[PDB]
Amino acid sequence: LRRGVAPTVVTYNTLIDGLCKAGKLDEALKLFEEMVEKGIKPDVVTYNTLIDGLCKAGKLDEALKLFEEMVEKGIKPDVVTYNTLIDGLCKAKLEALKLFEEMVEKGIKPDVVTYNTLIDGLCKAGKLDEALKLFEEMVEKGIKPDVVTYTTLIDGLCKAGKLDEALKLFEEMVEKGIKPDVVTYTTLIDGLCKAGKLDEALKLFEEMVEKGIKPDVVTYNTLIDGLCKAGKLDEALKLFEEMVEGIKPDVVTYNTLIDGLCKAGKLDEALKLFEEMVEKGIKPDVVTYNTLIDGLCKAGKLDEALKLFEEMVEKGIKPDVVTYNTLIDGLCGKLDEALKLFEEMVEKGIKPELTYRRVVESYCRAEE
């Protein structure tokens, strides 16, 4: 902190980076003000850091202001600036493409990260043909696809249902000497599980280790989820144990099991898992409470579901739109209660398709 050593702009950028990635955007922004007050000019990296923090914190519009502020100052937005906005716009919407042409008009060549950012956006938007189009184009520009590039297309193909094309594209990635990492293998493993081929997924998982590729928690979470969906609830509890025998399970690990257990009716074993993660200092997020609220709702235990909603609120976890979609749906026949909860998420500041669909079908069989 302090410090007879005068901080550099590099010093504030690091702290601003750490603050933004800790959600602490308001605290990340007072640092911005402090540094001008000392006569230390925020640079392009300073704006790019705050812009990224704003996008990932869902304040896209606030980030677009910062882009305008920097331009007004003569602090030129660069390839990183555009890459940051393009991803931010993709993840919110697919505006990102006008920036991809705008950056070229500023003399900024798009790079491998730009192409990777847009290929993913196009896939997650159902525009896989468009994404494959960009893949061809970047090889034309002499941009060499990397492990992220090939992993983004393998994911999209799988999620579109083109698992064998995914398997084919992975094959050529080793031909070109691009070494797959744990994210690559997990993506194929997730794809095989989503496609009902659990043993082909374990075969690959073992091939991942024999290649010397160490799994992480996502890998096991992916594998555990495949086991819960497949109905292999015990083999997924085995995997949760074997996991430690040295990977630390995380919240998503617990969320996945808690969900498998809820959907099977094993509400007890779910609640004691929810108790174990807390005691183990693993904080339940919003999916944790969403999973249990739906579980208790589908089971006919709405009072306990509402009880759990309060407790989630009584603990600083903010309920999102899934929370309300679940509860709103859950009250089928507490007409006004359901309607009540809809206005409450408006006042809380949560953008509502399912929400509207559920309220109207509630209004109708109750023309309002």
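The first residue of the sequence shown is number 1, and the count goes up from there.
The entry models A366 and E367 with a gap of 1 to 3 deposited residues left without coordinates. The segment from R3 to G4 is interrupted, since 1 to 3 residues of the deposited sequence in that interval carry no coordinates. Mean C-alpha B-factor is higher over 129-137 than over the other stretch, the pair under comparison being 129-137 and 149-157. When the two stretches 83-91 and 246-254 are set side by side, the higher mean Cα temperature factor goes to 246-254. Of the candidates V322, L54, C332, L66, it is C332 whose Cα B-factor is highest according to the PDB record. Comparing the listed residues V278, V112, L188, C228, the entry records the largest Cα B-factor for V278. Compared with the other modelled residues of the chain, the Cα B-factor recorded for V346 ranks in the highest third. When all modelled residues of the chain are sorted by CA temperature factor, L202 is found within the middle third. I282 sits in the highest third of its chain by CA B factor, as recorded in the PDB entry. Among the modelled residues of the chain, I16 sits in the lowest third by CA temperature factor in this PDB entry. In the PDB entry, a CA B factor belonging to the highest third of its chain's modelled residues is recorded for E310.
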